[PDB]
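>
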Amino acid sequence: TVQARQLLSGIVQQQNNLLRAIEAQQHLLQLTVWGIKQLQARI
Amino acid sequence: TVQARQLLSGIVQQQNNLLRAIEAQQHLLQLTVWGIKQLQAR
Amino acid sequence: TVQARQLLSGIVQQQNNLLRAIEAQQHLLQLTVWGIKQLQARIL
Amino acid sequence: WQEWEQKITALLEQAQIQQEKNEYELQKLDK
Amino acid sequence: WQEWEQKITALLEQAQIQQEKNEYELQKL
Amino acid sequence: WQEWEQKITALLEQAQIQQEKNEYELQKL
Numbered sequence: 027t028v029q030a031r032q033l034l035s036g037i038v039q040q041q042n043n044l045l046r047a048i049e050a051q052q053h054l055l056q057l058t059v060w061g062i063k064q065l066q067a068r069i
Numbered sequence: 027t028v029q030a031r032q033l034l035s036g037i038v039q040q041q042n043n044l045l046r047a048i049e050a051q052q053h054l055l056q057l058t059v060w061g062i063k064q065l066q067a068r
Numbered sequence: 027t028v029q030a031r032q033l034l035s036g037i038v039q040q041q042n043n044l045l046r047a048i049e050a051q052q053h054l055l056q057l058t059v060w061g062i063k064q065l066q067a068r069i070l
Numbered sequence: 117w118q119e120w121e122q123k124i132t133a134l135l136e137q138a139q140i141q142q143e144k145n146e147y148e149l150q151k152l153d154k
Numbered sequence: 117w118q119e120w121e122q123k124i132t133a134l135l136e137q138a139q140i141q142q143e144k145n146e147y148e149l150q151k152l
Numbered sequence: 117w118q119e120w121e122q123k124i132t133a134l135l136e137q138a139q140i141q142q143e144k145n146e147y148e149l150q151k152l
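Sequence lines, in order, name chains C, A, B, P, W and Q. The authors' numbering applies: residue 27 is where the first sequence begins, and numbers increase by one. The authors' numbering applies: residue 27 is where the second sequence begins, and numbers increase by one. The authors' numbering applies: residue 27 is where the third sequence begins, and numbers increase by one. Numbering (the authors' numbering) for the fourth sequence: 117 to 124, 132 to 154. Numbering (the authors' numbering) for the fifth sequence: 117 to 124, 132 to 152. Numbering (the authors' numbering) for the sixth sequence: 117 to 124, 132 to 152.
(1) For C/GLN39, which of W/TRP120, W/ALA133, W/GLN141 has the nearest alpha-carbon?
(2) Quick check: the stretch 29-47 of chain A against the stretch 54-67 of chain B, are at least 3 beta-carbon pairs closer than 8 Å?
(3) Residues of chain B with CB closer than 7 Å to the CB of P/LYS144, please, in chain order.
(4) Label Q/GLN118 either buried or exposed according to how many other C-beta atoms from any shown protein chain fall within 10 Å of its C-beta, with 16 as the threshold for buried.
(5) Of the choices B/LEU44, B/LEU33, B/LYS63, B/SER35, whose alpha-carbon is the least far from that of P/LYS123?
(6) Decide if B/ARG46 is buried, meaning its Cβ has at least 16 other Cβ atoms within 10 Å, or exposed.
(7) From the DSSP output, in three-state form, read off A/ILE37 for me.
(8) Any C-beta of chain Q within less than 8 Å: which residues of the stretch 40-57 of chain C qualify?
(9) To the nearest angstrom, report how far apart C/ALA50 and C/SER35 are at their CA atoms.
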């Protein structure tokens, strides 16, 4: 199952890819919340 | 077959964790879209 | 073994569903990004 | 835009179905 | 609004913990 | 802003490469 252990390693690695992507998405999303928060405080 | 079993369980759990995170982000994202369209009118 | 192969296939499928959901969310996030910058110009 | 809302809700629903499928198949491999 | 930002924070911490566990289990295997 | 989008895209690029890989290795099993 060298084949199976490589697939599992690629899955775990891809889940780290996805986790880092949504962590980065969250930091950008937080900026847009604050930006809107800034605008609505003005109106 | 305990080794592979708990790893597969951990992977399935991590897929639920990422799905729940993405669903919670979608709620926040939609709320930002709402704030946009309200500001665009005022 | 037959169960594990079907599960592994569903896991790889799930990875594809999550990836596509994040990609779509990124396009939406980019639209809101420009919506803010335009609002920032219009009122700031 | 709406379409992006439309696409994301569909993908999340499909991820939700597949997640249940995988947990059910995981329980089956366990028991 | 505040609800979702705080929920996301908890959800990301749990995913980081599970990622560490899976990577430990991967290497042991 | 643009470079957090640059960070995000780059992470999705590599996830796309890894997805194609994982699908190949699965078929080989």
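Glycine is no exception: its CB is placed at the ideal position from the N, C-alpha and C atoms.
Based on what the coordinates show:
(1) W/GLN141
(2) no
(3) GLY36
(4) exposed
(5) B/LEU44
(6) buried
(7) helix
(8) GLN40, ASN43, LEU44, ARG46, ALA47, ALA50, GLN51, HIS53, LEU54, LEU57
(9) 23 Å
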